[PDB]
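Here's a solo chain for you in structure tokens, the form deposited without the RNA.
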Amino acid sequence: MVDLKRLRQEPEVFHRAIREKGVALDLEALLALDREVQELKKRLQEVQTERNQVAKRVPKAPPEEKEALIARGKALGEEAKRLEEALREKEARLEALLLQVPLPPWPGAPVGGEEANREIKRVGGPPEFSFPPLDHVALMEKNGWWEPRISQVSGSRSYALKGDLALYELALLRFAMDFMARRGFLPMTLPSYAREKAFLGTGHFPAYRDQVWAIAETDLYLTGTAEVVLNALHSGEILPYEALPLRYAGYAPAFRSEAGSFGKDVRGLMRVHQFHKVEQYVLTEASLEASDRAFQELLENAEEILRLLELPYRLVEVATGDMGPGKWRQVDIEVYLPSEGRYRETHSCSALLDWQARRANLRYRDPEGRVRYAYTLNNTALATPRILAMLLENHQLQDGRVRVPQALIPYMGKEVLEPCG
């Protein structure tokens, strides 16, 4: 949500945002609609208040003038319900539209879709294997580390891990939570469902509605990221300046409808409906430099986890067309997946300024007593099973076993994932 005041004052700024980000929104039609709502609230002021006057004149009016006043009162009331109900219809239309206005991207955002994305940096590289490398599904198949029968039970885009890899999954999630807690984020284990209001807050509703699974006969939705929950915790609360920046490391199961197919056909561990994710969430003050400092920390944290995971990665500046309506700036971190001879997203770091704060109503009292919308940022800390696709392929040994990175040997108990059966 954008400040309707700034929207009215400098709509060309939002017009470029709608153009470069590709939002289907007619800014001129929204702006128009707003004028009508303004107009109709004023006209409704007139009738409900002339009605106030007629009703005030009624109690001691002579019988002649008293019924004239009832007559006038009725017509005016008619008018008022007509206007009232027109306003409500128009305002709902305005709000829905307002919910589609995107934040302007940062000045250096590449303009265009995913193909405009720009590699910032690359640390580490494709492993040079002494032998012919298997892909992660073939490592799993060979060591008996996943349960293919899960598709008959739950459907496709499901996985069930077994043996050492079951254990490894859990070790990586705890690892990421421990690493976030030593970086000063407050670890939180959270639910994977939220009411609608929390999805609206983040911006997942309306634009990414397609992607969320509703829990039927409830008013709950399962969340695709712990971010829907972390962002809505302080809605309607005004935070002390001294609380800022809030740094939450939230773990929750994530659920995605994944209404959108894998061109690299369908499966393995890359795109499943249910996965586990530790999220990095920050609420900071409404300054660009506070945002920039948080974005760089969010980024370095994710890089740091990849270095401890010993994975080759690169950072990518996400183009306007691809960052989504509420993003100021987005950088993805992609890790190399040998079997596809390409980098794959494992983390997206977004800075959304106050676009989510004005929707989720997140506010703080600045050093001068002024209440302000906060700025929010988020980045993945670690999501499984997807990084398992990359750990298996980058760390596979000759025999098909997989070495665990040094930092994860305390969490596993061992240096090598053994086969199951």
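Between two forms, the rigid core is defined as the largest C-alpha subset superposing within 1.5 Å. Numbering starts at 1 and runs along the sequence shown.
There is another form of the same protein, the form solved in complex with the RNA; it is not shown, and what comes next is about it.
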Legend entry - Interface membership of residue 151, the RNA in the deposited complex, 4.5 Å heavy atom rule: yes
Legend entry - Contact flag, residue 235 vs the RNA in the deposited complex, heavy atom cut 4.5 Å: no
Legend entry - Close approach of residue 258 to the RNA in the deposited complex, 4.5 Å, heavy atom: yes
Inset, instruction - Flag residue 156 as yes or no: does it have a non-hydrogen atom within 4.5 angstroms of any non-hydrogen atom of the RNA in the deposited complex? - result: yes
Inset, instruction - Would you point out which of 260-268, 310-318, 182-190, 279-287 contains residues with a non-hydrogen atom within 4.5 Å of the RNA in the deposited complex? - result: 260-268
Legend entry - Contacts with the RNA in the deposited complex - residues in 335-351 whose heavy atoms fall within 4.5 Å: none
Legend entry - Identity of the moved residue from 133, 112, 260, 206, C-alpha shift 2 angstroms or more, core fit between this form and the one not shown: 260
Inset, instruction - Kindly check if the Cα atom of residue 178 is displaced 2 angstroms or more between this form and the one not shown relative to the superposed rigid core. - result: no
Inset, instruction - Determine whether the C-alpha of residue 44 shifts by 2 Å or more between this form and the one not shown once the rigid core is superposed. - result: yes
Inset, instruction - Could you check whether the CA atom of residue 84 moves 2 Å or more between this form and the one not shown, using the rigid core for the fit? - result: yes
Legend entry - Residue pair residue 314, residue 265 - Cα distance in the deposited complex, closer or farther (3 Å or more): closer
Inset, instruction - Work out the direction of the Cα-Cα change for residue 207 and residue 260 in the deposited complex: closer or farther than in this form? It's 3 angstroms or more. - result: farther
